[PDB]
Structures are given as C-alpha cells and as structure tokens.
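Please note: Cβ atoms are built from the backbone with ideal geometry, for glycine as well, and neighbour counts cover all protein chains shown. Taken together, the values in this text are just the output of simple stated rules run on the coordinates, not laboratory data.
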Amino acid sequence: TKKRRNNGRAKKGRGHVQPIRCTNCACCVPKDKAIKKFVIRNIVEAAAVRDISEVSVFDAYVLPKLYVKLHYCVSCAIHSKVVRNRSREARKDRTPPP
Amino acid sequence: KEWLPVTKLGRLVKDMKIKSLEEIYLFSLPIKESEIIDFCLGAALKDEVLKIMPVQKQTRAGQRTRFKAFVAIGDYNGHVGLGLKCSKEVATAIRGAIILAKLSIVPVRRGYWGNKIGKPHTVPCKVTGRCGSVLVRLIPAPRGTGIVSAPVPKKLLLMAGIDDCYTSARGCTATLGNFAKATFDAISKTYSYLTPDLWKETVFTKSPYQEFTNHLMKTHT
Amino acid sequence: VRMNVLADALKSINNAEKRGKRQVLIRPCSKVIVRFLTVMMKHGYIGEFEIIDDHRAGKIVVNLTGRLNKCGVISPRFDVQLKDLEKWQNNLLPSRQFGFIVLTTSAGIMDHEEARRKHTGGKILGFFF
Amino acid sequence: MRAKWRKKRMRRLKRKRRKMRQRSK
Amino acid sequence: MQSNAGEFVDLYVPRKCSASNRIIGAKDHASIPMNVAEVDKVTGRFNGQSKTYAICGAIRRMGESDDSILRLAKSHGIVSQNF
Amino acid sequence: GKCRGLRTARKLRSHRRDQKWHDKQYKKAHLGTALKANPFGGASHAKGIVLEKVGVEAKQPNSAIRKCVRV
Amino acid sequence: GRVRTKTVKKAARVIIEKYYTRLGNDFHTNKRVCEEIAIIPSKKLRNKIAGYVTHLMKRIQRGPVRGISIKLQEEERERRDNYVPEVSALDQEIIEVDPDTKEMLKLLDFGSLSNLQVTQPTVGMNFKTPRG
Amino acid sequence: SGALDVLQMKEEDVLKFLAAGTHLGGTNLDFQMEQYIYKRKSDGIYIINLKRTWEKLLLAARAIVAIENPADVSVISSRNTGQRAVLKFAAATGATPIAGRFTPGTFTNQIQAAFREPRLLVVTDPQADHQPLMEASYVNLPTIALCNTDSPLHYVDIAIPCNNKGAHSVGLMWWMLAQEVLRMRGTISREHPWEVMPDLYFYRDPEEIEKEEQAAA
RNA sequence: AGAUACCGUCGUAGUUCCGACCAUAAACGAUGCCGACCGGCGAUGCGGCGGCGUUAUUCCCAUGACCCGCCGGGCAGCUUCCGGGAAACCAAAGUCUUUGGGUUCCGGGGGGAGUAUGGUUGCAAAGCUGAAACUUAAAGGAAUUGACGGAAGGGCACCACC
C-alpha cells in the first residue's frame, strides 16, 4: 500500500538528486529525502553566559552564534526524536510544529 | 398494538388523508415509520430471509459473534425492499431486517418487450445496478420467459412482480449482501430512467405537507 | 491525434448532459456531426443547435434538453445488412420501445427505423437513447 | 531465502554447470 | 405509458427537475419542490396562487440549485430581466 | 480488445493465437508433452498387473494409511 | 475526590428547574425542600443533591447556567434583548462611500444622493499576508 | 419583485445597506457568487451589487410567505452575530428559532427531543451553519441562506448575497426580510415606514451591554 | 556460546581520467504514447499582455525590483458526493454492462523457474529469447478488529518507585 503520496521525499520532476551523508551515521540519503534542521545556537547555553559577561574585557559584548545545518537519515532522525510517527490524517499536515 | 405516529408524514398516513404511498414516492419523502408500509401494502407484503451470516470481531478474549440477516420483502405486484440488520442473536437480526426492508421498499417501473398489449410483464429498459464488485444487469425479455437468473436476484425479481427478465451478473456474486444489494440497486433505477414516455412536462401537484398544512397544526404538537 | 471527429463531438455532448449543462460547444464541425444532430433533433432528444462559421472547420453550439440518456459512437464504422440490424439494436439499445442506431446509408445518415422502411442497410455511425 | 540471494545461488549453480559441461568439449 | 388499448398502466408518474429535466427517484431525499409566492402587482400582497419549482438532489449537491431557481423565477417574470 | 481497426483482423487473431499458450488447460491439451507423459497414454481406463501392495500415509491432518497397489 | 455523579447533578438540575421559587442560598432550608418535593431513599444522596442545588443557585445569582432554564429566560435575554436606542447607528449624517460603490449606485437609479461623501481611493494596492 | 414599482428598491433601503455595509463583501470569492458582484475594489474587497441582493431578498420573502403554516419555517444561526436577529425574526414572522448549537440529527433522528421537521430552512451563514444544510440533504428541505462572496452554495437553494460577517449587516438583512415577509403577507402597509427599528436585530459585544448599563445612569 | 556479522585500526581490486566493452536497477509516478471532454481555489516556474502605486539608473525616457490581474505551456499542491474503484485512494486510476477515439507492449491460480534445453550476444561476468515433467488449494491484494513490538506519546498503583 502506497503510504505517502510524495513517497516520503520532495522530487516531482527530477528522477535523481545527489546523496548527502547523514550527520549522525554516515548513511547516504537523497538530499530531498533527508530530514534537515538549521540549528542557530549560542556558543554558551545559560550557566556560562553569566560568567563570560562578567569576565569579558569588552563593553556589553553580544556573543557569537554557531550555525550548523544537520542532515539526518529517516532512521537516525526518528531514533534521535527529531521527527516522529503520526496518524494517517495528521501525516498530511506539512505545517512545522510551533 | 395501537400504532402512534411520531413523524409528520406518518400522522397523515394514519388519518387516511394521504391515501396511497404512490403519493409519498411522488415527492421523494423519507419513510422512517415502519407502519406506513404495514398500512398501505400490509396484506400484499411477504418476507424471505435471504441469508443469516455470522460476522465476528476479534476481542481480548475470543470472538464477538453477531449475526447479519438479509431480508428481501415485497408485494408480488409493484414494490420490493431489501433490509440488512446485524445483531447478537438471530431473531433480533431477522426482525430488524424485516423493518429496515419495509422502510426501504421502492416501486419498480415495469414495461413491455415489443408488443404492448395487456399488463406489463418485464423491466422497461436495460438497467445495471451495483455495490462492491457485483455488477448486475436486468434486461427486458418476452412474455412467459420467466426470470432467467441466479437464485438470489430471481427471489427479489419474483418479489418485484416482474414475471420475465434476463440477468447478467459480474464480479464476486458469492458475497450475497453485494449481489442482493446490486440487483435491488438495478430495480431501484427503473423509475430513475428517463424514457420518452416521461417527456410530457411535469404538472406539480400540491405536497401532502402543503395539502394538509392546516390539519397537521391541530392533529398533533 | 484527433482521428474520429464524430466520436469527439458525441462524447462531448454526453459529458455535458451528465453534468446537466443547458448548451455545449463541439469544436470541429463536420457534415456527419450536423446529420447525426438533426436525426437526434427530429426525435426530440436535443433542441435547435446552430453552427459557427470561422473560415475553417466550424464549431456547433447544441441546446441540450434533459432527454438524452446516452449518445455514443461505434468505431470502426461496421457495415450492417438488414439481417444484422436486429442483432445491433439487441446489444446496443436499452429497449425495443425507444432508442435509435444512426447509420450512413446510400439514401443518407438516418436511424435504424427509417433504414428498415427504405430497405437499405449501411455503415453504423453510432446510437442515442 | 531473500530473492536476490536465491538468484545468486542459481547463478553459482549455473556457473558450476557451465564449468562441468565444458570438460566434454 | 399507454398499453395497446390506451390504459395508463404504470403506478405513479414521477416528478422531473425543472432545471435539468431529469426525473426524481422515490428515494432522492435531497429533492426540493420550492413554492414561490405571487403578488397582486398594484398592492404587493400574497394572492394564494404560487409557482412550484422541483430540483433533484444531484444539482443541490452540485451547488447550482440557487442559479437554477434564479433563472426559473427570471423566466417566470418574478425576478427583473435587468437583475 | 485494444486495436479496434476495421482492417486489424490478422493483428486481433495472431495476438489471441499467441496469448492462448498462456492458458494452462489449452497448452496441456494442445502440446504432445502432457499426453506422451500420461501413463494411460490418453485413455479413460488401462489394465495392469499388481506387483506389490503399498500402504500410503494420508497427506496429513486426517492420518490413516490408504491401501493402494503399485501396478 | 468530591466530584458529583450524574445521578446527583440530573436530580439537582430538575429540582431547581421545576421548584426554583421554593429554593434559596442556605443549604439547610433547601435540604428540607429536597425532602418534600422529591422522594430520595438515601440521606447521603439527599445532602449531595441539596448541596449541588445550593451551588447552582449561587451560579444562577451570578448569571444564566448552560444546563437549566428560568421562567422568563430571564428579564435580560427576554426583556433587555428588546433594547432600542434613541437613533439607530444606521441613521448616519455623512456615509463614507467607495468610488466603485458610487459607480454601482450610478448604474442603479440612485446616481445622486445628498448624504454620501465619495472618498479618495485606497492607493498602494497591498491587502494580502506574505507567504510563509 | 421584478419590473414592479410597488416592490422596487427604495431610497431609504439603500442608506440602510450602505450604513450596515451589506454591499461590502469578503476578500475571497466563490465561483458560484461571481454573478452577485458588481466589481472588485483596490485593497482586495468585492462590492456586492445591492439590486441583485434586493431581488434575492424578495424571492426569499416569496418562498417564506408561500409556506402557508408560518410555524414550520425553521430559522437557524450558530454564530453570536445572528443569535439575536433570528430570535426577533421568530417574533415577527412566527417562525421557529434555533439560536446556537444545532444538535446533529434534529431533522433526521426522530427519538431526539428537539426533532424539528420544517418545510423551509433560513440560514445566516452556509459555512458556520454547515450542519443544518447537510441535514437538509437527508430530508427534502429547501434552504434560504444569507451568503457572502466567500460562502459556498453547496445545498443552499436560494442565496442572498450580503456581508453576513459584520454585526450590523446581518441584523439589518434579517430586519429587511422580516419586514418584507410581513409586507407581502399584507400585515403591514408599504407607504409608512415600519414601527420595529432595524437597530433592534443587531448583536452587541458583552463590552457594549455593560457600557450601555454604565451610560444608562 | 560461536560472530567467516553488525563496532573498531589497517587494507588489494575498485572509487578518479582517457579509449573500448557491458546493457542491467525498487531504470518507480511500481501508472505506455497521441487526442477530446468533465468542478473549484491558492501558489509557483517560463514567455507574453494590461493596470493604481513604491523603488534604482536621476535628468526623464525605457528597462530592471516589487504590487494587482489576464493568457498559454510546465513541476506540483489543497478542496469536492464529477465520476471511478476490492478498497487504499485517483481531476485521472473519470467520461465502462448506458460496455467501440487511435495505437504499441504485455498478464492468465501458486510453485517448479526465469530453471533445463537449443539459438544468439559478450573477452569474461553475464544479457536477450525460454519450456516441460512434476507438485499444490490456495498464494496474493486492500481494508477492519484484536494480540504483540526491543516504535512514539499519555495516565495510574507503596501487590511500583521516591
């Protein structure tokens, strides 16, 4: 039985896209197939920003950010709880969760 | 014993103010009282249990066996019904499928093969009906042909007051519910077929909800 | 490509009838399309149609009633003797009381009933009931 | 038995049959 | 629906949609015979005589039921030709 | 059919002829393999001489020993 | 876990709905009302019903409750719902009107009114929400 | 209704539509509602043609006055906006009001206590009141519906093109059609204006009820 | 336990380029191609057409960037009692017992078997073509209910924990 209409990927008029290597494993995943996050992240979380602000040389120093783009295989993504199994009606919602 | 009508239409039927269900079927009125058909065609209505079918749902502990009863009803002169009722015991299933059949009775238009003399004997045109995979085709036949058919639609067409008919089923007819429904869908579509007989532009007679709109206000709440 | 023009036209007015449209545009006008339609008109199945001359193959607008159950083509145009015409009206028409099988004879494009009168068989074009 | 490895075993078996039929030629 | 003698032989003559001219089955429960009240043209009051338009379920679920009644009332002199 | 041409009689016929060999009942009755292989040689009955009496085990669910004869 | 069951609430609603005027806010008086106007076989259930009755009576003092009806229904939804102002919000001196609403009034009989201020049109044709 | 001076659209009725804003339709458009629109504005709003609004109001009024029993014309609104207007329409016309929470199977299930069985539904919004429309499919019930440019005409059998969103425009359309059915019954004369005020039918914000209670003293 | 596995450190053929072979993939949209007809809506890509207004070349022209629509062709999307279908689902998988627009390939219960054998192509690996004897009452498709999970989430208990 055809589960997903798009087939779980995002090529409609190609027939081939290039494989990315999954960041967690090294699995080769079609680019369109891969579950992609763009993690902007402060180099220090919450406990260390308290300390840097006080031990900074500079005057109200804005801290730099660490811009990763994570590519996951479907198996890695579900195991690491990035994506998740949904009900057959709720599968069709392409809205990203708030 | 004494029937008490709850719907608007049932109240008219009981008081002898709509005097034949021909008048109900003219306005496509949903019959939901069982005793409307027991009132009009009451003596010419005969019941044959087509099949008792045990169905089961798998539960924590064993199966929950309920019984599906197909009842074909109809007077051997114009009307057929087909009622399907699933229940825990067999007597409740049969009785419920008799009621659902009565509610569901339709009039069959019946025409002529070639020569148009006497009373009508056959289906007026080739009419297919279906549900599931089962496609049933009913074909007009000459007088005295009988109902050339499988024993299930033969049993409904007898009940429809059709003397003569050629059939031609298709798909999994072994599943009786589909086959009985498909042949009932086929005779349903006789008064839903626009022949040249039915071209004379419609004269809209007054509804029974309009003809007796002043009576219904006082007769009940 | 477009090969049977009569086929395109008959299916077009069939799909328009099924929807419940009051008139339909059938894009290529032949002579055979007009004859078929006139035969359907004379038996009251369609209203007064009209052809639209652009200096090409014309278009026809047909005023549909709700009388036409189905309007079909038979492809290819099989060649029907008077003996065979009963076996075509047995397996291509619903009843023996109504419905017609239009066939091109040497006399002209006409229904099976006029073909029987004139004692002239011909090639089947299609049917309507 | 996976249908791919069935197809691999039938190839090896054929490849041994072509090896044993050749030795009479 | 005469026989050879002339006797009307079928047991009821079914209504037929005023929009599409397609007959309305005994169990087309989405049908609607709508009565439109008439007017004494000098007064603007209900006469007692009324125009009756039937519509089959098929057109009602098709969403064309209002435009059908609009044409039928305009084609009856109820709605202005201007509109 | 799929080719509804007025002059498609050899395409319609030769196609049926070719596809009729995928019918199992036809191929059996229209090759010489099923008949040359048949012990009776395409007869209703046949006489043979009993050489031993055999006890054949019933396939399973129902487990009895069916008294056949090797002929 | 002091949640009232359906037997308590149904009884307590019907007791208010039919005998509203006999009740009050005191528990102990309408305890004895519930004794008279109903045949309750338990003392505990009698108290439960009397208790929820009093709770619903305090709720009715605030405003109307979703699962009960009061005789007029109730001097606000009946009487005050017949509110009429001095002059209607429709009866406006200067009615602002779009140039294209002026056009469809011009293609009506009403091409010239006295009390219609035809406005300047909305420049910068930008009326949608951006995508994503 | 058409080509009659008696039932022609009057001058005061245009000012009641322009103040209410019944001409002022939604941003979006249904293909079934292109025939009840003059033109589109700059700043994506569709202008409803009030002449065609008026003809559909009369045709609806005809449909209601044709129903000889005034009781069995069931008048329905779910949204707060209509709940007052439809309840005052019952007072006037002698109709049956269902203001808020239309219980499914009130036309289809007999054994339900609120089993109504009308001859004609009147509906404030085909979208909000989708469940009455759908049960009108299962019992032969012609349906008048106050429709917007956005509204779908699924199972609505005569559409009155309006603003059915705004507080004033709804109550005014209910007032107009209540006054028209009582005119066409011959209850009220047409020369004089009507005693009942069009402002009566308007739903008010519960802010405005306590604002009037404050401004009454 | 074994671990000619999964894990790890190395690591030849290969992986890269040129010249010749090879001709197969879940080579998939598991959906042949051409043509007509049959709902709606918002997008988007390309080209053209029209239209208030912002903006750059400032010195305006006309071009770009936007905005608002129209048309055609394209990858798609959402919605719908068109209609179809065993159903999942499908604006095509519709216009089908009311069966015929044109045309090519191809299937005929499950195995045996893509096997044997002959032919043919290839350096080879292997490709294309391709049975039968025999064996068997099911194999299978879609969906439903349960049970189960080393899948996700929620709830409860001192016969759980803190």
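The table below lists the values:
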quantity	calculated
Between segment H:132-207 and segment E:35-67, the Cα center-to-center distance that results, in Å	17 Å
Order by protection proxy (mean Cβ within 10 Å, highest first), peptides C:16-23, H:139-146, A:87-94	H:139-146, C:16-23, A:87-94
Pairwise centroid distance, computed over Cα atoms, of segment H:7-22 with chain D, Å	92 Å
Total charge dipole magnitude, chain G, about the Cα centre, Cβ charges on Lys, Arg, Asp, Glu only, Debye to nearest 20	2220 debye
Rounded to 5, percent antiparallel among DSSP beta bridges of segment H:13-217	15 percent
Peptide H:148-158 - average C-beta neighbours from other chains (10 Å radius)	4
Shielding of H:35-45 by partner chains, average beta-carbon count, 10 Å	5
Förster radius 51 Å - calculated FRET efficiency between C:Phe78 and D:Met1, Cβ distance, rounded to 0.05	0.40
Cα-based helix-to-principal-axis angle, F:9-19 vs chain F, degrees rounded to 10	20 degrees
Options E:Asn4, D:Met10, G:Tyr20, ranked by Cα towards positive dipole end of the protein assembly as shown, top entry (Cβ charges)	D:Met10
Between helix E:65-74 and chain E: long-axis angle, C-alpha atoms, 0 to 90°, nearest 10	70 degrees
Backbone HN-Hα couplings from phi across segment C:3-15 [Karplus 6.51/-1.76/1.60, Hz, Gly and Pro as x]	10, 9, 6, 4, 3, 3, 5, 6, 5, 4, 6, 5, 5
Charge dipole (segment C:30-112, unit charges on Cβ, about Cα centre) - positive-most of C:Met110, C:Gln81, C:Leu64	C:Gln81
Long-range amide H partners of H:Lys39 with built H, under 5 Å	H:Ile47
Cα→Cβ-extended label distance, 7 Å offset, between E:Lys41 and G:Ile60, nm	6.0 nm
Percentage relative contact order, chain E, counting C-alpha pairs under 8 Å, at least six apart	24 percent
Angle between chain C longest axis and helix C:31-42 axis [Cα atoms, degrees, rounded to 10]	80 degrees
Segment B:1-150, relative contact order in percent, only Cα pairs under 8 angstrom and at least six apart counted	14 percent
Residue-averaged 222 nm ellipticity for the protein assembly as shown, from DSSP H runs of 4+ at -39500 (n - 2.57), nearest 500	-9500 deg cm²/dmol
For peptides H:170-181, D:13-24, H:191-202, G:76-87, sequence by mean Cβ density within 10 Å, most packed first	H:170-181, H:191-202, G:76-87, D:13-24
Per-pair calculated FRET efficiency, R0 = 56 Å: G:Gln92 and E:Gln49 via Cβ, rounded to 0.05	0.85
Under 11 Å from the C:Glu86 label point (7 Å along Cα→beta-carbon), backbone N, segment B:159-183	none
Electrostatic dipole magnitude of segment C:1-68 [Cβ: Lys, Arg +1; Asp, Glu -1; Cα centre; debye, to 20]	220 debye
Alpha carbon centroid spacing (whole Å) that separates segment A:1-25 from segment G:62-79	61 Å
Selection from H:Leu59, B:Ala169, H:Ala95, by position along the positive dipole direction of the protein assembly as shown (Cβ)	B:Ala169
Dipole in debye (nearest 20) - segment H:13-217, about Cα centre, beta carbon charges: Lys, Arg +1; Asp, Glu -1	440 debye
Average Cα contact separation per residue, chain H, under 8 Å, 6 or more apart, as relative contact order %	23 percent
Efficiency of FRET from Cβ geometry, G:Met125 and H:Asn69, R₀ 45 Å, rounded to 0.05	0.30
Shielding of B:156-163 by partner chains, average beta-carbon count, 10 Å	0
Spatially close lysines, pair count over chain H: Cα under 20 Å, gap of eight or more or interchain	14
